[PDB]
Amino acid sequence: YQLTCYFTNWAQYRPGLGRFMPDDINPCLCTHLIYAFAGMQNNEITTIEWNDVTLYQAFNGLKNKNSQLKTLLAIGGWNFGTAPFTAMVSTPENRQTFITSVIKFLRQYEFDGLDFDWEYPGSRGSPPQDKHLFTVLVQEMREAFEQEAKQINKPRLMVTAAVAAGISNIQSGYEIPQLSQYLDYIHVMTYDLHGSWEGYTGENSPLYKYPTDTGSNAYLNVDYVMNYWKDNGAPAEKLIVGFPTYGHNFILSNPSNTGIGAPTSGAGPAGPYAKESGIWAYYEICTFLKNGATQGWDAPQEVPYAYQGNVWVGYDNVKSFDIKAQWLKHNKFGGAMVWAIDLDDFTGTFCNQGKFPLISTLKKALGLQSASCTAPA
């Protein structure tokens, strides 16, 4: 199994104990590390933060401590949107310009591959033709990587993608069988499956449906999404399950109603570290629990929740990560990806469950405890 962990280049701006840099990553923890995010200018890949070059060096320098560790650069993300992707795939010339730039960039800064985080082909402004053009782009990148590997006599660069969990987004976004052929790994975003935008409490990443989930709401769980990808053409072995080291919080309309599907008035408060509206890092959630919140367990969906006064949070813990990992193994998927390494309790001081408690749970469960962690020769 792979254990693939996203690192975010804005975690550096968090105050005090929240500050997270590439050198805070245990190089033995994950099998793959993904750097979020790269940008695009004139159909060519670029940095986005002022100090990305320095951070790349520290990030890829972690491979000097683990001979087996591989790194990838993720281009795009939510705020990036679809416009530069649409423009880049719109002509063969623009795609070639991009692919050439990527090969040069990854080799220069010593990344082992590219993760496409186009959110999403065929939606959020992206026209219908981008569904097929995304397939074309990925195939062309894969084949360019194959050719480059032989010309310079080095291992081939990897091409992966973070992909939609919403069924509508999947249907308008991906030619699954064709796309799966050329991608090395498919990182399925099996989280953000519920949120305050719905007007009621719901879990961030429930494994199974809740009894009341009817119609299209029955699709908002890890099991359905992963199986949808598999049943519609993606090989299980290439499919990577998304694991969140964060939760979504809510403001309860009635503090007396604290169950799944309880009416809410909006997003819960930003945390003191990640400072994200409606989102708490796992370590921020641990503070919530320590400060007197009541623990809940969503039994049908195998995930925890917690509430105090008018604040409700749906999240993942050691128990839920374990259950999901056992499920993953039973279904013979390629492994797990984690958003994000900087949201786990990396210091171990918030949750008192050791360093990186959530990711460590996956490392143990996926048979990676005895994985090689030695500097290269």
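Only the largest set of C-alpha atoms that superpose within 1.5 Å between the two forms is called the rigid core. One rule holds for the numbers: they count along the sequence shown, beginning at 1.
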| query | finding |
| --- | --- |
| Higher-deviation stretch (C-alpha RMS, rigid core fit) in 5 other deposited structures of this protein, choosing from 351 to 359 and 364 to 372 | 364 to 372 |
| Higher-scoring stretch by recorded Cα B factor average, 289 to 297 or 68 to 76 | 289 to 297 |
| 239 to 247 versus 225 to 233 - greater average Cα B-factor per the deposited record | 225 to 233 |
| Per the PDB entry, maximal CA B factor within 131, 107, 142, 124 | 124 |
| Which of 85, 111, 219, 98 ranks first by CA B-factor in the deposited coordinates | 219 |
| Chain third (lowest, middle, highest) by recorded CA B-factor, residue given as residue 213 | highest |
| Chain thirds of CA B-factor: placement of residue 53 | middle |
| Entry-reported Cα temperature factor of residue 115, expressed as the chain third it lands in | lowest |
| Lowest, middle or highest third - CA B-factor, residue 2 | middle |
| Third of the chain's Cα B-factor distribution that residue 361 belongs to, per the entry | middle |
